[PDB]
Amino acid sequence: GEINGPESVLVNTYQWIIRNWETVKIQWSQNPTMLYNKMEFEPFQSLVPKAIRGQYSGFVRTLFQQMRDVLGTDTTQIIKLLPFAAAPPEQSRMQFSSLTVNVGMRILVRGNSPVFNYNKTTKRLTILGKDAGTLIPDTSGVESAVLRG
């Protein structure tokens, strides 16, 4: 884990999700609030602007409810959005294309950003230029035909 201030809070939160991904995936499927309401996400929540925390949580929880109902368990997207579900949700009709953390820096809802960057070839997640670990259901990590020899 990292120790440099707000940045480290971000990196460390996504490292925790990756390291605990089996238990997180099952809880997200079966009983998501034991996950959304975990104290693990309190530091991440303090980085989200106070005036919009609840509106972001309403958006992500609603998105997850719809995802789950029609598709079940997109690993990268569940990991990305999860910490934003931690605040008490405020429901609204607002549709967010990005979500800000104070470190504003933007996490894009679809695809990669300077803050959150998943690499399909190495199968590792990078947060603010630091490694968060390897992402995974049926050998993990780097693809074939990367190392020439």
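All residue numbers refer to positions in the sequence shown, first residue = 1.
Count the deposited residues lacking coordinates between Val103 and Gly104 and you get 1 to 3 of them. Missing coordinates between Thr73 and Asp74 amount to 1 to 3 residues of the deposited sequence. Checked against the record, the higher mean CA B factor of 104 to 112 and 76 to 84 lies with 104 to 112. Looking at 57 to 65 and 92 to 100 together, the entry lists the larger mean B-factor for 92 to 100, computed on C-alpha atoms. When the Cα B-factors of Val9, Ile17, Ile127, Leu135 are read from the PDB record, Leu135 comes out highest. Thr13: CA B factor lies in the lowest third for its chain, per the PDB record. Ranked by C-alpha B-factor against the other modelled residues of its chain, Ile52 falls in the middle third.
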